[PDB]
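[1] Pasting an experimental structure, sequence included:
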Amino acid sequence: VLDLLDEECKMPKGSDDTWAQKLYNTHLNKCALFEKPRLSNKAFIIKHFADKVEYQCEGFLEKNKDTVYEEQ
Amino acid sequence: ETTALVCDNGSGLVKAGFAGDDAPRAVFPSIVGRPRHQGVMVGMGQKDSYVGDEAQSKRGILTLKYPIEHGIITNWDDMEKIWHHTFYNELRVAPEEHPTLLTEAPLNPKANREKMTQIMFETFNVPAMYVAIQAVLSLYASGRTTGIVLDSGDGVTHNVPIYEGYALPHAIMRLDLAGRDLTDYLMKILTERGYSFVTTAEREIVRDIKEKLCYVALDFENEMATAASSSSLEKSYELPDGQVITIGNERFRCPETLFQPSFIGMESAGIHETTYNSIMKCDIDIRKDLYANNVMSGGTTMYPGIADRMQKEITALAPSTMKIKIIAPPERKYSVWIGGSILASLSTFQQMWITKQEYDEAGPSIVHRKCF
Amino acid sequence: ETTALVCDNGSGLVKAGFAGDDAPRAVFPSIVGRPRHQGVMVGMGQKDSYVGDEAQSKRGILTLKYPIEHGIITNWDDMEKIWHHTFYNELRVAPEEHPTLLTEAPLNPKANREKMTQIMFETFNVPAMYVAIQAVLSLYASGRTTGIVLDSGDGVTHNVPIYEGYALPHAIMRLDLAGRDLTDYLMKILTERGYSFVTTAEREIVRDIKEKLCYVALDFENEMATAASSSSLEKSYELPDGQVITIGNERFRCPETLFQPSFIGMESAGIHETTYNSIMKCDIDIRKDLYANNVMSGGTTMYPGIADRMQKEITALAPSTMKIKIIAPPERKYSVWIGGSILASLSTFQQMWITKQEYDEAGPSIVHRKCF
Amino acid sequence: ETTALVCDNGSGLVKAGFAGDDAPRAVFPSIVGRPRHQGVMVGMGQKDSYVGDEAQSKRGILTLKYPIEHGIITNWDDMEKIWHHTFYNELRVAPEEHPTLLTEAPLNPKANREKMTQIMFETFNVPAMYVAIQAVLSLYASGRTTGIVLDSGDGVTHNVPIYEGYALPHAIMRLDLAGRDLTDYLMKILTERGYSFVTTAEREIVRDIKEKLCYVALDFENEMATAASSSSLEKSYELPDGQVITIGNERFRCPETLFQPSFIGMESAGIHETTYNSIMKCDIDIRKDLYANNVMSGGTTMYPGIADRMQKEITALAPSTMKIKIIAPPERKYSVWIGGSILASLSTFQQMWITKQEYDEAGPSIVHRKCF
Amino acid sequence: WXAXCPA
Amino acid sequence: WXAXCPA
Amino acid sequence: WXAXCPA
Ligand SMILES: Nc1ncnc2c1ncn2[C@@H]1O[C@H](COP(=O)(O)OP(=O)(O)O)[C@@H](O)[C@H]1O
Ligand SMILES: Nc1ncnc2c1ncn2[C@@H]1O[C@H](COP(=O)(O)OP(=O)(O)O)[C@@H](O)[C@H]1O
Ligand SMILES: Nc1ncnc2c1ncn2[C@@H]1O[C@H](COP(=O)(O)OP(=O)(O)O)[C@@H](O)[C@H]1O
Ligand SMILES: [Mg+2]
Ligand SMILES: [Mg+2]
Ligand SMILES: [Mg+2]
């Protein structure tokens, strides 16, 4: 999930919808611990040690980007 | 509490919503696209198939298929994709929680209802459902218990006479003319003027041309005489690439094939003669009350002037001493949905649903005895 | 950890580096020189052949050969010398440790890819590699998933339309005009003014003249009228021996042959008409989105005013009602490398590489099915 | 006495002659060349443009233009040059003395017929003329009153079902695939093997390669498996400069795009599926009699094995219990001419001509009502 | 043609 | 359909 | 190349 997120940061015209689509592609049916929420195409569920937690994609690309220009 | 879903599968537009709201909150074309070009860029999120407005947006790179033709579902996996997309994406409602109400044209195969019911119970696990006749719902929508409904969508046209809520099943007429084959006729006549629309996307462009520029002539011969003798009738339309195309007598000449199906090469009479020949199958005591109500439904009845042409030539066919009145409310494109929204919210209707208990007991065969 | 090498063979400049850094740290001409004069001094350390900047420094005494002509590798032993020089001398990296990513123009022979792969696996023993289309990488470099890329290096020019990451392979246009034959045209037009540049070193001098003093006229006839009637347009350049040479209308007149290939005697239309005739091969629904992005790439698109000339005459050809937009970032000379540097660093791409296991199983034939 | 001229404009070959002789005595390509190089020698008799076999002989120095593209005449002055050359040079007959019979593909613009008639009456002053459908003439040529004609020239392909002399105009299918775009596909696939054919003369060389070495595979996958696994299928051809070129799977792979138009990137189905989908538009009582006659016409149907491939996959699509019969006479390249030669010599036909009296009275508009 | 195709 | 028309 | 052009 972090690897596909760091890919989608540099990918051209990356967005939270296409990142989510890459998530569903890679892990929707290959892993028991990753699940898609029934009614939404913008969120995903991870079964952690404690509990299942549902994450919204809508923030992550803005929050994940750092790049600092040396001139600044 | 719990409110039925109301869904009309049509051809072209799907329109769906909740019972007792006044217009459908999901409307989109019943179209499935699959990409046909070799994908080059790695890591694009490229997708196996698109549904509805997605497949309209990307239609340049897609083969577009309609899973319903003449009200018959030809391709079932794509129809399951369209319902899956409708419930989860468009309405965002889980189908286990809601009875579902589904709409069909008359005189079409039984297997279509058996499969629609097997799918709604087995895959969606819908708790209860019903299958309703398109024409019957237009009376609920127009506030009447009597009339001969004329309905035309994409695909099938049908007449259904109803008198005080009794259908007259020996008098039901069905015709495959309407709506899509008008577009395949417009594409053929436009070639005469030097425009060529072959691909499934160009068919959607011609559909938009038809919806904007076509109208029905009061007299087809007088207007062909006028349009041969002038430029006054001629309109121009701007293609999505910014080309501009100019359209002459073709725009009235396309919907005239509703009244003269021999243009496309059918052997049956126009909608006015199937309407009159449907009233002639009703017993003489009720004909007075059918001539006083004719209800138009579905998008192919939206052409400007189609009501006054219908009334004119039915008034030519009918006996001289009677009111002929054509009823064509401006909202009529949604009338079958509004009528199903009314029907599904009645309290008397809550005993009509097929419940999963009954489907489990009797199998999908039950639909024929319980439904119409 | 391990980072792919990214190499673009071009014609003229080699440019190479590591994936995920932002500009190539090796850039040098793809040129091989062999000494042609009788060597006199004993004990000089004289050497059989020179590569890259060595052969530029000594070019007075060398025959200079280009091993790549019109994107086709004509001479393989010199190409192996250029790769050996790139990996060992320029990057100082052992190729066994790094996947390598290699770039090629579309529509060139398959034997070129088969040999490039056979060499990279057998002699270098590179663990994994891939062969990428030059034009596709300029979209990665310009941050887009849609557009018609126009690319011109030395040698081949090609157009490749792409829409949301799908190529349209029937619409790919390729033209052999660009870059070297502009130099062989400049050498021919300079003779009218009394300058003679015959040797392969003098061709490199004329290449430097072309890169400094040439520019594209907005209107070719107005500027020929001006330059016939004035000295105002005239610039002078100092040869390596300190002679000074003066260049008039020739400097704009040389790159006009990109838009009028009949000057050199080709029978095909200019890059603007191959761009328009490439958009005309795309289906009408997407053309609006190709006119809204045109991406220039490669050094032959660096002439001053080539963007505004392209936009002017494409806006002449296109339908009147559309935005034509030409995108020409100042960095565009490196765009194919920057795009391959982005591509090779994606995580989704790590399954795309041809691995030596697969080459051993299937032989060099595999490249056609696995690569584009 | 007086005998009608019969002329079929096609694309590529013009073929023309007198009614009631059995083969055309003028045949030549419908091509116009204009010289593009600076003429040097004074006093050479150098000429502004060349037509037909002249432009084939000198094609090294000429730009070659086709004035007809996809059965539409795009350039009218060159078409007038081709007719002037046909009547005066090839037939050496003054057109005022003879009715003229002219041939056209179905479903093409009306302006093409209006201009053809305005030119034949006003400039040539032909006393009477007629415009005939290409497909209809192949039945006259093959001795039948019933069948679904499949016709492919250069440019347009079309199917026209006819039953006892009645056309079925709603079932006419037209496809732009045939013949020229096979050559533009062959030029693209030959580049894969390292041969480059760009100029309009090199296109004529590739057309001759296609006419000699191409053939249709019975099974396309088995033969690609064979040609990947052997040299046995491989043929070599000698270019006009005495180079020799070697052609492998490309030779069967080029005409397979007739059955899989997605290769060139069309969205429509192959000629076999447009034939079957044309028979499906005919009423069920006549289909038995269309399956029992399929008539191939025009030069693009000359490939070896195209009949047995057509019969094989149509026999795959059709219901199992019927004769499928493909009729493909060895003369079929001339069938449209032979059929027009028969038609123009009937006595019943002498009332069909448009006479100049009628053109003077009604103007060129008459062609639509009098002709088909 | 005048729209769809090039002729 | 199954016999008459195409669907 | 091998036919049309020199490379
Ligand atoms: N305003 C209009 N004028 C003419 N045709 C229309 C108009 N609106 C829709 N149509 C055509 O009518 C058909 C859609 O009718 P609709 O009732 O939505 O079909 P269905 O009943 O199958 O859902 C389409 O073929 C569409 O092109
Ligand atoms: N600033 C410039 N102005 C005009 N032409 C240039 C400029 N820089 C390089 N060129 C020309 O462009 C070609 C090099 O382009 P490049 O993209 O390096 O080729 P390749 O893509 O084959 O590596 C050479 O012919 C060179 O003369
Ligand atoms: N023996 C052949 N095999 C394959 N293709 C052929 C042969 N002869 C002609 N052709 C092709 O068919 C086309 C000519 O067909 P023709 O019937 O003369 O066209 P039209 O009907 O337009 O006059 C050209 O594209 C030509 O290359
Ligand atoms: Mg409807
Ligand atoms: Mg480059
Ligand atoms: Mg022909």
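    Received it, and whenever you're ready, just let me know what you need. Numbers count the residues shown, from 1 in each chain, chains lettered A, B, ... in the order given. Ligands and ions are numbered 1, 2, ... in the order given.
[2] Can you give me every residue that contacts the closest residue to ligand 1 within the stretch 51-200 of chain B?
    The stretch 51-200 of chain B approaches ligand 1 most closely through residue B:153 (2.4 Å), counting by CB to the nearest ligand atom. Heads up, the C-betas are built off the backbone N, CA and C, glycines and all. When contacts are counted by CB atoms under 8 Å, 6 or more residues apart in numbering or on different chains, residue B:153 touches B:10, B:11, B:12, B:134, B:178, B:179, B:298, B:299, B:300.
[3] what's the burial count for the closest residue to chain G within chain A?
    For chain A and chain G, the shortest gap (CB to the nearest CB) falls at residue A:12, measuring 33.9 Å. Counted by other CB atoms under 10 Å in any protein chain shown, the residues lying close to residue A:12 total 18.
[4] nearest spatial neighbour of the residue of the stretch 51-200 of chain B closest to ligand 1, skipping sequence neighbours?
    In space, and not counting its chain neighbours, residue B:153 is closest to residue B:298: 4.2 Å by CB to CB, 6 or more residues apart in numbering or on different chains.
[5] do you know how far the one you found is from chain G?
    According to CB to the nearest CB, to the nearest Å, residue B:298 and chain G sit 59 Å apart.
[6] isn't that residue right up against residue B:155?
    No: counting by CB atoms under 8 Å, residue B:155 is not a contact partner of residue B:298; they are 9.8 Å apart.
[7] Help me confirm that residue B:335 is found in a strand?
    No: the assignment for residue B:335, made by DSSP: H, G, I helix; E, B strand; the rest coil, is helix rather than a strand.
[8] Enumerate every residue touching the nearest residue to it once chain neighbours are set aside.
    Using CB to CB, 6+ apart and skipping residues adjacent in sequence, the residue nearest residue B:335 is residue B:141, 4.0 Å away. By CB under 8 Å, 6+ apart, the contact set of residue B:141 is B:297, B:334, B:335, B:336, B:338, B:339, B:342.
[9] Which one of those residues is nearest to chain D?
    For the contacts of residue B:141, the nearest to chain D is residue B:297 (27.2 Å; CB to the nearest CB).
[10] Test my guess that that closest one contacts residue B:147.
    No: at 10.7 Å, residue B:297 does not count as touching residue B:147 under the criterion of CB under 8 Å.
[11] mind listing the helices in the chain by residue range?
    All of this refers to chain A. All helices of chain A, identified by DSSP state H, fall at A:2-10, A:16-27, A:60-64.
[12] nope, chain B
    Counting by DSSP H, the segments of chain B that form helices are B:53-57, B:76-84, B:110-122, B:134-142, B:181-190, B:200-213, B:220-228, B:250-256, B:271-279, B:284-291, B:306-317, B:335-345, B:356-362, B:366-370.
[13] Keeping just the C-alphas, turn the first one into CSV.
    As requested, C-alpha coordinates have been extracted for helix B:53-57 and formatted as CSV (Å, rounded to 0.1, in the frame of the first residue of the first chain):
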residue,chain,number,x,y,z
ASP,B,53,-21.3,7.6,-18.0
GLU,B,54,-17.8,6.3,-17.7
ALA,B,55,-18.2,4.5,-21.0
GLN,B,56,-19.7,7.6,-22.5
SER,B,57,-16.7,9.7,-21.4
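[14] residue contacts, the nearest residue in space to residue B:359 that is not next to it in sequence?
    In this structure, residue B:359 finds its nearest non-sequential neighbour in residue B:121, 4.9 Å apart by CB to CB, 6+ apart. The contact partners of residue B:121, by CB under 8 Å, 6+ apart, come to B:129, B:356, B:359, B:364.
[15] Can you add distance to residue B:104 and give the residues you listed back as CSV?
    Below are the contacts of residue B:121 laid out as CSV (distance: CB to CB, whole Å):
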residue, distance to residue B:104
B:129, 12
B:356, 20
B:359, 17
B:364, 14
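[16] Could I get these in CSV, plus columns for neighbour count?
    CSV is the format used below for the contacts of residue B:121 (neighbours: other CB atoms under 10 Å in any protein chain shown):
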residue, neighbour count
B:129, 26
B:356, 16
B:359, 22
B:364, 20
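[17] Can you tell me which of those is nearest residue D:219?
    For the contacts of residue B:121, the residue nearest residue D:219 by CB to CB is residue B:364; the value is 41.8 Å.
[18] How about that closest one: what's its closest non-neighbour residue?
    Per CB to CB, 6+ apart, closest to residue B:364 is residue B:114, 4.4 Å.
[19] and the one you found, how many residues sit next to it?
    16.
[20] Please report how far it lies from residue G:5.
    65 Å (CB to CB, to the nearest Å).
[21] contacting residues around residue A:6?
    Counting by CB under 8 Å, 6+ apart, residue A:6 has contacts A:64, C:347.
[22] if I look at it, how far off is residue D:199?
    Distance, residue A:6 to residue D:199, by CB to CB: 50 Å.
[23] and the residue of the stretch 51-200 of chain B nearest ligand 5?
    residue B:61 (27.0 Å; CB to the ion).
[24] Contact partners for that residue?
    By CB under 8 Å, 6+ apart, residue B:61 lies in contact with B:35, B:36, B:37, C:163, C:164, C:166, C:286.
[25] can I assume the last one is in contact with residue B:59?
    No: using CB under 8 Å, residue C:286 and residue B:59 do not qualify as a contacting pair, with a distance of 9.2 Å.
[26] rewinding a little: out of the helices of chain A, flag the one nearest residue C:102.
    Nearest of the helices of chain A (CB to CB): helix A:2-10, 21.1 Å.
[27] returning to that earlier point: between residue B:297 and residue B:147, which one's more packed in?
    Legend: neighbour count by other CB under 10 Å for residue B:297 and residue B:147, higher for residue B:297 (28 against 23).
[28] Against chain C, how distant is that one?
    Counting by CB to the nearest CB, the gap from residue B:297 to chain C is 31 Å.
[29] Residue B:96 too?
    Here residue B:96 is placed at a distance of 36 Å from chain C (CB to the nearest CB).
[30] Which residue comes closest to that residue once chain neighbours are left out?
    Excluding the flanking residues, the one nearest residue B:96 by CB to CB, 6+ apart is residue B:125, at 5.1 Å.
[31] Enumerate the residues of the stretch 1-150 of chain B near chain F.
    Counting by CB under 8 Å from any CB of the partner chain, the positions of the stretch 1-150 of chain B adjacent to chain F are B:69, B:70, B:72, B:74, B:109.
[32] Mind checking which of those residues are in strands?
    B:69, B:72 (DSSP state E).
[33] so which residue of the stretch 1-150 of chain B comes closest to ligand 1?
    Using CB to the nearest ligand atom, the closest approach of the stretch 1-150 of chain B to ligand 1 is made by residue B:10 at 2.3 Å.
[34] now swap in the stretch 201-350 of chain B and tell me
    residue B:299 (2.7 Å).
[35] Please name the residues that touch that residue.
    With the criterion set at CB under 8 Å, 6+ apart, residue B:299 makes contact with B:12, B:13, B:152, B:153, B:154, B:179, B:333.
[36] Of those - the most surrounded one?
    Counting neighbours by other CB under 10 Å, residue B:153 leads those with 27 neighbours.
[37] And it, how far from residue B:175?
    For residue B:153 relative to residue B:175 (CB to CB), the value is 12 Å.
[38] For chain A, which residues are neighbours of chain B?
    Contact residues (CB under 8 Å from any CB) of chain A with chain B: A:7, A:11, A:17, A:18, A:19, A:21, A:22, A:25, A:38, A:39, A:40, A:41.
[39] how much space between the residue nearest to the fifth one when sequence neighbours are not counted and residue C:163?
    Using CB to CB, 6+ apart and skipping residues adjacent in sequence, the residue nearest residue A:19 is residue A:8, 4.3 Å away. Separation of residue A:8 from residue C:163 (CB to CB): 21 Å.
[40] Pick out whichever of the two has more residues nearby.
    Per other CB under 10 Å, whichever of residue A:8 and residue C:163 has more neighbours is residue A:8, with 27 against 23.
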